[PDB]
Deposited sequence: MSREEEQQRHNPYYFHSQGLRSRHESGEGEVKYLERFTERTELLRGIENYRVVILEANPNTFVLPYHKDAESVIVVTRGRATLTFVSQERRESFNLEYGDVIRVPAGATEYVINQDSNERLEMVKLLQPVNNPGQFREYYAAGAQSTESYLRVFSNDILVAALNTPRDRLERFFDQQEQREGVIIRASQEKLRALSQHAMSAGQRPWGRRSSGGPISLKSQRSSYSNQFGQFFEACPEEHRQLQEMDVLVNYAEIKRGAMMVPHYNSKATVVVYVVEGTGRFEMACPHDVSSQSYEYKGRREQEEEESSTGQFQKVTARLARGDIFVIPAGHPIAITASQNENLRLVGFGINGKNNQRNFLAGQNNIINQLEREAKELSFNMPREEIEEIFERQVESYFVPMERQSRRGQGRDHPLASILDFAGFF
């Protein structure tokens, strides 16, 4: 692919070194194509940590919006003089400020943890780096970069012990390490529950939840909306488009398909969806997504430029055509009022519909 808006999961760059888990990096949106220049300063990172693990502390040149797509975790980050710690749930959304030192705990013994993060670099556009205070055989501590003279004077500690301190770190391999279930238990505004949002619509064929920045202060920094959609098997999300937001969508679970009308006159942009896949819906593009016939398709999405965004549906009871006056409809479609009704007033549900008519 060879699809300008579609990113297959095996195209993700896997961090070397990962250890007891894996960290994957999505490439730059402007790497293979120029059609995504509008969001060049956005990167996607997927973190997965094994049961009973500890993610080493670090900070990065980027703001972050985090979605827990699998399992649970305890997330803690420090900044200046404040420390904040939260127990994160499935579908929980949390913000981690740029420069804040962050570490993660997987306190569960059975279910593997997965986190999907949208990053907004503060330095060079679309470029970020991770800074580790304590490293491994394969991750250098940024403290070890300084000359010995600086460190012994700054910390007021003898030279011999500092190199003991650094050798203790070149013992472990990976920024994700195995840990006791006993220490991890001790280490335990707030998280945003997607399936608890007021902005939602659900029927027999799917459910939709969305957290908009206007109601959540922590989403106002990156100016981003975060939404969740489950399309039941054999169903679809009806054709619609976003007025303003450019949505980056991650396939959490299942398989399916999407069709997009792209004028970059028009052309049908389409791709097969599977777990780990990522695709982008630039604003204005009308989009339709179908689940598979045998399993549900579950998606989480990040809405870049999400303030005051409006989702306009082209089919269903809430469709926009239905807001035109009768004369406007007739003039636009070159048909009488009743033959227009036969097209835009025969669907009784919204958002999600079955591929087999009823």
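The deposited chain is incompletely modelled, with C-alpha atoms absent over 1-8, 197-212, 289-311, 406-426.
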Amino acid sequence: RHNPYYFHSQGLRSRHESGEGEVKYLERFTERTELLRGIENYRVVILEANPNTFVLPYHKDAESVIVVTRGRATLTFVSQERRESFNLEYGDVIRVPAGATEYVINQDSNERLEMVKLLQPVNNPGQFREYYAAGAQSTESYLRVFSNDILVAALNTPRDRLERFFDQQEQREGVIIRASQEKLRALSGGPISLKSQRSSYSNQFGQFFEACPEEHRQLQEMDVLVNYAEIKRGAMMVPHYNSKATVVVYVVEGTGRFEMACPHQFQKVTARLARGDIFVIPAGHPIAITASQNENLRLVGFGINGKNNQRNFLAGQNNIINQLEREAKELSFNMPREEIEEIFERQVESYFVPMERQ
From here on, numbers count along this sequence of modelled residues.
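Checked against the record, the higher mean CA B factor of 324-332 and 59-67 lies with 324-332. The question of which stretch, 174-182 or 281-289, has the higher mean Cα B factor is settled in favour of 174-182. Each of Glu214, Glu163, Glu221, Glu130 has a CA temperature factor in the record; the biggest one is found at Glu163.
If you compare the C-alpha temperature factors of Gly276, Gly126, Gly99, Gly189 in the entry, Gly189 comes out highest. Looking at the C-alpha B-factors along this chain, the one for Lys232 belongs to the middle third. Per the deposited record, the Cα B-factor of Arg32 falls in the highest third when ranked against the other modelled residues of its chain. Annotation for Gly135: CA B-factor lies in the highest third of the chain's modelled residues. Split the chain's modelled residues into thirds by C-alpha temperature factor. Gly38 is in the middle one. When the CA B factors of the chain's modelled residues are split into thirds, the value for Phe146 lands in the highest one.
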